[PDB]
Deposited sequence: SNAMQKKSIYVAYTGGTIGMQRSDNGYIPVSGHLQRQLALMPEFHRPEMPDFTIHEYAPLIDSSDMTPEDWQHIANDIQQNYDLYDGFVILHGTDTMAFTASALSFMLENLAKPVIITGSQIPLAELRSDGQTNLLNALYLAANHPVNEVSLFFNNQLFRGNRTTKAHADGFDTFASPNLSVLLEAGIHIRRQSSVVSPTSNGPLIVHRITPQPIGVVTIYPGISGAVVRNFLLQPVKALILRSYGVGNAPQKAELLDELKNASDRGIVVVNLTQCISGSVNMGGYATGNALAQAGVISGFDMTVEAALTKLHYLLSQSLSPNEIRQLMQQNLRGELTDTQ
């Protein structure tokens, strides 16, 4: 009972009720259910307080305004609690985790994002396991980062991506070990070091930004790429081949160079599931910068973070390449 954890129920199946025509949201259901589940109220578990969002947020409909609402909620409650669990739908859980990691600078209490495939109230649901363990971990094994908890593993949030969804749900962090394994015996993986706090919590403002995220393929044309870079685009994430290669084709390279010449930030990520971009090539000559081993989620949210501040394109290009929150490995 000693530790006290804030639970923000933003949306997601985890808190829903079953019906003849699908799982459905029901106000107050999550709290009503938990009151009747004594395992949540054992002496070994922290006290917790639930704030249900109204309306609930469908994670596929999430916008950066919703990222900001969650960051604000953590910030106004920061001193009152020892840690924070955010319940969230699975579809964009990894985007929210990544965004929060950039927004919550100098975070010094644990923030765990989680959810489930099956509502808490069903028999055998992952909802019950995920909430129970996020609460227990936040209180007893705090990791002072934005992390994501799923299938018994605690991932660094800005290293996660959704790995599967059809018939069952699963997350992965392809380029970094988990922070912690939550089986029968909880095991922190201490070779993954958390970002250090250089002062008081600073909560940044993020707004929607016009970013293109596109995939290179054989014969992709200048005209097509030209359209990707039209106003109002401020930045473009390229997903290229292998260690960051693209066609040596003037048509393509001229469009990217003209874009960078007018202030557009162009970031190279790999199409590969894991591994790093390693870039002099013609792409560098065209102003394109390396996204290293970032996930699409981390790159996309990091661009939102940097474009939302008062930074020149050159300042942005430099910071995109620096490890700000543990989201990238640079040699």
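- Unmodelled regions (deposited sequence positions with no C-alpha coordinates, counted from 1) are 1 to 4, 284 to 288, 341.
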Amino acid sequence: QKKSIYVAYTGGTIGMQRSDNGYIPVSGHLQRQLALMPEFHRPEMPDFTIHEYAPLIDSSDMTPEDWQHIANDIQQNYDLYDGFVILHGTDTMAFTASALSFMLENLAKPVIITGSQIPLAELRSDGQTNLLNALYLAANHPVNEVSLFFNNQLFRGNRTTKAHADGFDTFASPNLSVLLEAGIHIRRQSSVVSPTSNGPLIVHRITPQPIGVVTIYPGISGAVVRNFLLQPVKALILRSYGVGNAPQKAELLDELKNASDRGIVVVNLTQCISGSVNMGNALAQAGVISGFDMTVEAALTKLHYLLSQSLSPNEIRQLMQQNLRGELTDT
From here on, numbers count along this sequence of modelled residues.
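- Between 41 to 49 and 291 to 299, it is 41 to 49 that carries the larger average Cα temperature factor according to the deposited entry.
- Of the two segments, 85 to 93 and 248 to 256, the one listed with the higher mean B-factor is 248 to 256 (C-alpha atoms only).
- Residues shown: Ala35, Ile70, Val266, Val277. Highest C-alpha temperature factor in the entry: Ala35.
- Of the candidates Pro232, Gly157, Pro218, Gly212, the deposited coordinates give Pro232 the top C-alpha B factor.
- In the PDB entry, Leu30 places in the middle third of its chain by CA B-factor.
- When the CA B factors of the chain's modelled residues are split into thirds, the value for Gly242 lands in the lowest one.
- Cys272 sits in the lowest third of its chain by CA B factor, as recorded in the PDB entry.
- Sort the chain's modelled residues by C-alpha temperature factor and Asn314 lands in the highest third, per the entry.
- In the PDB entry, a CA B factor belonging to the lowest third of its chain's modelled residues is recorded for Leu306.
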